[PDB]
Amino acid sequence: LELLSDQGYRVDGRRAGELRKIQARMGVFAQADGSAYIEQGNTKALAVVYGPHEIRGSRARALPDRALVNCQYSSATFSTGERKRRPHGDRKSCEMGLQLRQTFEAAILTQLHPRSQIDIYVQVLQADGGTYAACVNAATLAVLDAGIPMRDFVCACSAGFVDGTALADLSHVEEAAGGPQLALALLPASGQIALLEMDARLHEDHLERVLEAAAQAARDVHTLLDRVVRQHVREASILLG
Amino acid sequence: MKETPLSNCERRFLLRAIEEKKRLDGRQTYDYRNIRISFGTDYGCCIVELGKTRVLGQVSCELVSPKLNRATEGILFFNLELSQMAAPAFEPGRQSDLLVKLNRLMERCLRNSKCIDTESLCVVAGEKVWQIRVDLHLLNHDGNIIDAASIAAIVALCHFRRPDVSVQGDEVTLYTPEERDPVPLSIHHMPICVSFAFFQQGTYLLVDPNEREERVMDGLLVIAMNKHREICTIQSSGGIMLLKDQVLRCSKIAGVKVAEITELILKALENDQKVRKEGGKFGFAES
Amino acid sequence: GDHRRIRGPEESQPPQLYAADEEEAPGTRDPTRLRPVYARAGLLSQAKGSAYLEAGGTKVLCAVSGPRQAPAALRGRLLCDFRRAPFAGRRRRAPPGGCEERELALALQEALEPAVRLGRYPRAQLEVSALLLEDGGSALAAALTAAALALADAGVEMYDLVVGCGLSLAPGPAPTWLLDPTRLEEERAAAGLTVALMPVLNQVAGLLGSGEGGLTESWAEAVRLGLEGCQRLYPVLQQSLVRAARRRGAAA
Amino acid sequence: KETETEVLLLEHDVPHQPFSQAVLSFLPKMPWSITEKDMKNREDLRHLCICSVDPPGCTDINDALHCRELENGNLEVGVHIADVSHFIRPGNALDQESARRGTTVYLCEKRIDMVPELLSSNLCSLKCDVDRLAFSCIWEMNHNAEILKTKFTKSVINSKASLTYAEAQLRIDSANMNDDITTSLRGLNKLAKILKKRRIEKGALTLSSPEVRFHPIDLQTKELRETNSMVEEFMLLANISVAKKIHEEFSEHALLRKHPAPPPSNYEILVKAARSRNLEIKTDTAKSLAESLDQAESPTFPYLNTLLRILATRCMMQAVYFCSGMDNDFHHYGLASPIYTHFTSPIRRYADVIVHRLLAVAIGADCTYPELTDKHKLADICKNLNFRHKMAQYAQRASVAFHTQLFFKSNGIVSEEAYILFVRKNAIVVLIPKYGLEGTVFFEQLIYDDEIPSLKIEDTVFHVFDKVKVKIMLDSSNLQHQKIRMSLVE
Amino acid sequence: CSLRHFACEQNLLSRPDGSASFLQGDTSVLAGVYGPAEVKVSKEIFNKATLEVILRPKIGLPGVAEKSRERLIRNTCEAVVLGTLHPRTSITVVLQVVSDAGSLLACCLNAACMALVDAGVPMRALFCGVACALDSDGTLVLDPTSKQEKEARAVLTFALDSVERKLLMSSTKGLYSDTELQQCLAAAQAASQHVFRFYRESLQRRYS
Ligand SMILES: [Mg+2]
């Protein structure tokens, strides 16, 4: 086992600056107002967005100014090789919920749907590294499929640091090694970050590198996603007339 | 109960005083409040109060069967509770979002940064290992927690001492604080968080925000650091759009701030040891 | 560790599993037989309606906390809490449960909603609380019957009573359907079944079953047999309710 | 240094931990004015001239002496020890943590104690001009030093002086005269010399050994002097008298120490050596040996007798504690005395404390207890104590070795002279007096004479007591066991 | 004295209505009160204020014993505090155990009382809490230490009143007898006199 061969290659067979082929789709479930699917390698996220609809049991939380974003996270038991139970209610899925919520409340441009729930839901079927970013991106595609206004593709990805270099879009192996991994989600058009999570020890001068690397990886993810979205829109319009 | 609403008067006044770079109590933007570190009688208790925010920290030990994946190194159990005396809204089982984010952040910061030696505290590899839990309790809520919680956990885990143990084969012998002198822990580096607050989408940034400043802010950047300039965690919350240079500058700030806080902590422990070496069950340090 | 109950040991296994013996088998008996039944309504005071039923080692209570404010939408409700006392059965289980208690609760609700008429109890939820003090055989059926008695006692309206009956299957070479069995005939069994009906209008209300095996014709014979058993049992409950009403007339 | 020290103390199991809280508790609070309630059973000698001799820079001073003239021509000599038993009463945790620490280690720089510095240098010690408790053994003698009347009394005294050996010698024979100290010191060194030569005639043997004690600009060698032999002779007399008493009174349970004489299969090397160097020796007993070593001198090797003294000390067995019941040897090779038990330094030993207790109960100034007669427990603790003294010796040796390594690192000295002691096939042991060091040198084709211990190379021959210059190169390949190495030249 | 050096401090915390740190010897409790405030229609009752106490140690989680103790304190306070003045509102008393060296309740009660005072909440009479430990030999000790509680066969926490020095609460561990109960109660009354003198000194110096 190893992470960076002296030549520059990884285990999976890709250099540091590149990533794995995302293969996506938009329109999985029709009984909803917006759905998506994404596989950013072996990972397999699945998003759903029940649109801006009425609040029931008002319970005096229907914001009158803006809309009410309610995003729920879930990591299936059979996601990891080690089976686990209680995927919801845990102290980690709820943190992921907070994160997704504060991202999309930033992006989703709620000032136009006051007193209304935008219900986002995310289920992770398979996890092999980069488990948050796949979900961010799937929920983005979902939102778009639901014609919900939103400032920009909020594209996310992860970076890491090994042997004085920066890796893009980590997997589980180098994610388990314990090295610093920095996940983020930004809005490309403006160059602004909507989220910045990070967990491990490393020096400071080695920050700009992984930071810009994650940013560029997110730009690439943006390219791929937007090509998908354009194919989808084109096909739909053609079928309309 | 419920928190009293915020008047538009205070909000506008605060935003303007920020525009003009004026805090309320009279300090600058790149300044904390006078943080006091007070100790208890029992090794492992610390009350740290920054300005009005008091937080308590206790550290306890146990011996237990470890978990199979790691049968060599021990365990560590964080928990932070928001006592109803901190503020009215802190009813039990209601303000769960804040609990969750704080606890995950603190776990991450301390555990995954490898601040202590989970290996040194092994006794019988497979049968019995230590288990160090740390309970932080929020007493008064005026502004910045994460910093207080972290300073408390650190002062504790550096001011705690285990009941010594002898071992031969499987024969394990525990002893009392009166029969031998308890042994301290093994720290490698003391991280302590640093909290920045963003105003007007990213234009202005403050340090050690009070409660009102937390109510009229849109974004929060937490940054964990050491005296050796080693990022341990950084987190953005509040749904805010920042940039690169902002985090770079905030880091160059956290450097100095953490250096100074660390100097203080070390002085506090020194003074506490001196006191107990002279008769007295307390220890006090002031910023 | 639960912080709402006393600090006990982490785990605790019973001694039986550490025993060494071939437990006694029942043997033979009259398949179309019924155990002696003691049913009385009006036991409890602080409850609007209560009932108690004993059939062999079976000992069940049921209480009805009456209407408590909470068309086809302004239609009543009844929520049922089945609960076996931790001192019933060879093994001990913490009070909470969460696996089979809820299944049998669903059963009770599905077997009671039909009989009860809830149009006359709108915007209301009837709290039915069953309690199984001792398990000695057909349990869910006793619970259905006891809840029916408690309801009819509190004076909630209905269409007819609910009579239950439990059956088992003999794993012998000539498998016969064993009626109203014991915990031994039920743990040494291949298949189990439970019927519950309203005998006047002859309509099932909720049934249930399971099997190490079986087949259509066998299950059908089981069904009709349980129906006959419930019919033969109904009069006891009738007399019990009459008796309780007479005692009420006596009190004033 | 602060790592190697702890490492050797962890390997030799020498407990280094500081004193626990429970221990400190049983100590006395330290306002300590002499309590005249415990002083009941005891006496008052504050009206006495006392001058405790003490090496350079010590703090656990325990012994004290005096020699008071008496009208009848006789004189009363008296030794005084710190009566620690009153502080250290049994059944405590103090006693347990002092037993485990069965002796006070004295490394080249520090000292691991057996009783806190408080009770070791502020209360029990016989500090100057401060009334301190004590046990006392008094004899009456004449100017030929034969005991006439003895006594073993508890008391409270007041040391008027805490001297040094050099200060002692100059106060003795610097022509100064005073009614306070110098006359006592002179009239006591006299009896010392008389007893010394008398016991030498009694057969007890004297020896020597390469002992170097570091400051560490340049190391130094311990220097002999009268005062040391004086105090030693007096303390040996005290130990022997105490032993005779506690034996006559207790013949079942006690703490004695023996020196099992060596089988003659060990002297044969020294015999063959002095034979190849035509000095005859009689190894049948201790006397024959000793009275022979004083004759083996020859002018060609003025530094010869010392080598044989070492070569002998390489043979003697281990002197060990034991109980008077479970054994019946009661014979000490070295001093030629049959019985001997340590009694002077309890601050530095625990058997001394147990002896204080036994002797005090024989005097009647103490109460018994089961763990004072139970031979089993006493034997077990005695075994522990022997184990502990052995560990201490090993540790101190390792420490001096470390300091020599460090000094050779700072100063790479090479090609210093050396004499020879042994001669073996693979290696040739060697001795350097300057640095007080004995070492080995391998040669890995030889000629190995064993009938006469010698080595023969095509060019030369190696016999004992020859000379060779050597270069000391320390190898640090394995930072564990950074080991010296000898290279030879002539 | 028969009992040990014990001090207090008022208005520590800025956010709560009234606060009090009460320590005696080495046990130190910290109390914070939220005065008449909101209460939902489920918890409230006309013509009375709902008093709710929540006590939490500094280790583990709160289980059952702490709930019993906080019921005791709740009902004691309902006994002294006036609540027919502030109906349809909630008074809340939070207790935190900074340290534990025996005589715990005897400290929590005093701290609760001082906090209620600082919050200017209408009380009918002060109250106090003492703890008396009966060893095997019957020799009692007031304001015990954990050693004295472990080495003893009975322990008795008494919550007394100030007007007529009655017995508002009693929580006992161990098994004891009648005469011992009576005599320890008298000694508790004396100790309560001393505690009340102390309260007066503290408040005199607080209003100066
Ligand atoms: Mg001396």
message: Return the pair list, or none, for Cβ contacts closer than 6 Å from residues in the stretch B:55-80 that are closer than 30 Å to E:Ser14 by Cβ to residues that are basic (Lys, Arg), at least 6 apart or on different chains.
response: B:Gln58/E:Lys58; B:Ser60/B:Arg133
message: Quick check on the stretch B:224-236. Is at least one of its residues facing chain A (nearest Cβ under 9 Å), part of a helix (DSSP H, G or I) and surrounded by fewer than 18 Cβ atoms within 10 Å (Cβ to Cβ)?
response: no
- prompt: Taking the stated definitions as given, is E:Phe22 among the aromatic types (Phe, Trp, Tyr), crowded, with 19+ Cβ neighbours inside 10 Å and in contact with a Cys (Cβ under 7 Å, 6 or more places away or on another chain)?
  reply: yes
statement: If you go through A:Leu167, A:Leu224, A:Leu240, the only one that is crowded, with 21+ Cβ neighbours inside 10 Å and of a type outside the set (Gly, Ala, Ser) is A:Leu167
message: Looking for something under 18 Å from the mean Cα position of the chain (by Cα), assigned to a strand (DSSP E or B) and within 11 Å of another protein chain (Cβ to nearest Cβ) - is there at least one such residue anywhere in the stretch B:208-220?
response: yes
- prompt: If you go through the stretch B:22-50 one residue at a time, how many are over 30 Å from B:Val183 (Cβ atoms) and touching a strand residue (DSSP E or B) at 6+ places or on another chain (Cβ under 8 Å)?
  reply: 8
- line: B:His228 passes all but one of the listed conditions (1) under 26 Å from A:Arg209 (Cα atoms); (2) in contact with a helix residue (DSSP H, G or I) (Cβ under 6 Å, 6 or more places away or on another chain); (3) not hydroxyl-bearing (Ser, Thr, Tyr); the exception is number (2)
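Of all the strands (runs of 3 or more DSSP E) wholly in the stretch E:1-68, which have at least 3 residues that are aromatic (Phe, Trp, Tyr) and within 14 Å of chain B (Cβ to nearest Cβ)?
Values: elements: E:6-10, E:18-24, E:27-37, E:50-56.
Per the criteria, no element qualifies.
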- request: Kindly provide the set of residues from the stretch D:1-23 that are surrounded by 14 or more Cβ atoms within 10 Å (Cβ to Cβ), within 14 Å of chain B (Cβ to nearest Cβ) and either within 16 Å of the ligand (Cβ to nearest atom) or outside any loop (DSSP other than H, G, I, E, B) (or both), ordered by number.
  value: D:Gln21, D:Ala22, D:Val23
- request: Could you grab the pairs with beta carbons closer than 8 Å, sequence gap of 6+ or different chains, first residue in the stretch D:365-377 and under 12 Å from D:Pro90 (Cβ atoms), second one assigned to a loop (DSSP other than H, G, I, E, B)?
  value: D:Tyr369/D:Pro90; D:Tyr369/D:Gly91; D:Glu371/D:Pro90; D:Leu372/D:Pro90; D:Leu372/D:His253
- prompt: Out of (1) of a type in the set (A, V, I, L, M); (2) more than 16 Å from the ligand (Cβ to nearest atom); (3) farther than 22 Å from D:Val353 by Cα, the odd one out for D:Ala99 is which?
  reply: (3)
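Kindly indicate the residue of the stretch D:60-97 that is more than 30 Å from D:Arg186 (Cβ to Cβ) and of a type in the set (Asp, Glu) and also surrounded by the most Cβ atoms within 10 Å (Cβ to Cβ) among those meeting that condition. Don't jump to the end; show me each part of the working.
Start the filter on the stretch D:60-97 by keeping residues that are more than 30 Å from D:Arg186 (Cβ to Cβ), which leaves D:84-97.
This time we only want the ones that are of a type in the set (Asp, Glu), so: D:95, D:97.
On the way: D:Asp95: 17, D:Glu97: 19.
Per the stated criteria, the residue is D:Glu97.
Against the condition among the polar types (S, T, N, Q) and either under 24 Å from B:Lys267 (Cα atoms) or touching a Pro at 6+ places or on another chain (Cβ under 8 Å) (or both), how does B:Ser186 come out, does it pass? Please lay out each step first, then the result.
On the way: among the polar types (S, T, N, Q): yes; either under 24 Å from B:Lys267 (Cα atoms) or touching a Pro at 6+ places or on another chain (Cβ under 8 Å) (or both): yes.
It is true that B:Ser186 is among the polar types (S, T, N, Q) and either under 24 Å from B:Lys267 (Cα atoms) or touching a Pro at 6+ places or on another chain (Cβ under 8 Å) (or both).
Consider the stretch D:187-205. How many of its residues are farther than 18 Å from D:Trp139 by Cβ and either among the aromatic types (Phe, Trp, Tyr) or not in a loop (DSSP other than H, G, I, E, B) (or both)?
Of all residues in the stretch D:187-205, those farther than 18 Å from D:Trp139 by Cβ come to D:197, D:200-201, D:203-205.
Still in the list and also either among the aromatic types (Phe, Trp, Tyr) or not in a loop (DSSP other than H, G, I, E, B) (or both): D:197, D:200-201.
Qualifying residue count for the region: 3.
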task: Test each condition in (1) in contact with a strand residue (DSSP E or B) (Cβ under 7 Å, 6 or more places away or on another chain); (2) within 16 Å of the ligand (Cβ to nearest atom) for D:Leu75 and report the one that comes out false.
output: (2)
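If you check A:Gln181 against the conditions, is it facing chain B (nearest Cβ under 8 Å) and either touching an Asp or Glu at 6+ places or on another chain (Cβ under 8 Å) or of a type in the set (S, T, N, Q) (or both)? If you could, list the steps in order and put the result at the bottom.
Numbers: facing chain B (nearest Cβ under 8 Å): no; either touching an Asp or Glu at 6+ places or on another chain (Cβ under 8 Å) or of a type in the set (S, T, N, Q) (or both): yes.
Against the criterion (facing chain B (nearest Cβ under 8 Å) and either touching an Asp or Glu at 6+ places or on another chain (Cβ under 8 Å) or of a type in the set (S, T, N, Q) (or both)), A:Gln181 does not qualify.
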query: How many of the residues making up the stretch D:411-469 are on the phi > 0 side of the Ramachandran plot and of a type in the set (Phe, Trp, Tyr)?
result: 1
- line: Screening A:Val162, A:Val136 for residues that are of a type in the set (A, V, I, L, M, F, W, C), touching a helix residue (DSSP H, G or I) at 6+ places or on another chain (Cβ under 9 Å) and surrounded by fewer than 19 Cβ atoms within 10 Å (Cβ to Cβ) leaves only A:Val162
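Taking helices (runs of 4 or more DSSP H) that do not extend beyond the stretch A:76-176, which have at least 1 residues that are within 14 Å of chain B (Cβ to nearest Cβ), touching a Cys at 6+ places or on another chain (Cβ under 6 Å) and within 26 Å of A:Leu19 (Cα to Cα)? Talk me through it step by step, then tell me what you get.
Details: elements: A:93-107, A:131-145, A:172-176.
Those helices (runs of 4 or more DSSP H) span A:93-107.
Condition first: more than 9 Å from chain E (Cβ to nearest Cβ) and assigned to a strand (DSSP E or B). Now tell me which residues in the stretch B:54-73 satisfy that.
The answer is B:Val55, B:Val59, B:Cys61, B:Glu62, B:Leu63, B:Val64, B:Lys67, B:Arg70.
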query: Taking the stretch A:184-230, which residues are of a type in the set (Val, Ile, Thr) and within 7 Å of chain B (Cβ to nearest Cβ)?
result: A:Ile193
- prompt: Do you know which residues across the stretch D:34-72 are more than 12 Å from the ligand (Cβ to nearest atom), closer than 13 Å to D:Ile157 by Cβ and in a loop (DSSP other than H, G, I, E, B)?
  reply: D:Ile34, D:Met39, D:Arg42, D:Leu45, D:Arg46, D:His47, D:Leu48, D:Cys49
message: Six or more apart or on different chains, Cβ atoms under 8 Å: show the pairs whose first residue is in the stretch D:220-244 and within 13 Å of the ligand (Cβ to nearest atom) and whose second is part of a helix (DSSP H, G or I) and of a type in the set (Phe, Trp, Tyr).
response: D:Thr227/D:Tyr165; D:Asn228/D:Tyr165
task: Collect the residues in the stretch E:69-106 that are assigned to a loop (DSSP other than H, G, I, E, B), away from chain B (no Cβ under 11 Å) and not hydroxyl-bearing (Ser, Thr, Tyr), keeping them in residue-number order.
output: E:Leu82, E:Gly83, E:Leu85, E:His86, E:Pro87, E:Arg88, E:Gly102, E:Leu104
query: When residues of the stretch C:26-68 are filtered for being among the hydrophobic types (A, V, I, L, M, F, W, C), closer than 16 Å to C:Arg247 by Cα and in a strand (DSSP E or B), how many remain?
result: 3
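For the stretch D:78-88, does any single residue satisfy the condition of being under 30 Å from D:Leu219 (Cβ atoms), more than 16 Å from the ligand (Cβ to nearest atom), in contact with a strand residue (DSSP E or B) (Cβ under 9 Å, 6 or more places away or on another chain) and outside any loop (DSSP other than H, G, I, E, B)? Step through it out loud before you land on a result.
Just the residues of the stretch D:78-88 that are under 30 Å from D:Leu219 (Cβ atoms), to begin with: none.
No; the residues of the stretch D:78-88 include none that is under 30 Å from D:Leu219 (Cβ atoms), more than 16 Å from the ligand (Cβ to nearest atom), in contact with a strand residue (DSSP E or B) (Cβ under 9 Å, 6 or more places away or on another chain) and outside any loop (DSSP other than H, G, I, E, B).
We did not get these values from a lab; they are worked out from the coordinates using the rules stated. Heads up, the Cβs are rebuilt from the backbone with ideal geometry, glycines too, and the neighbour counts pull from every protein chain shown.
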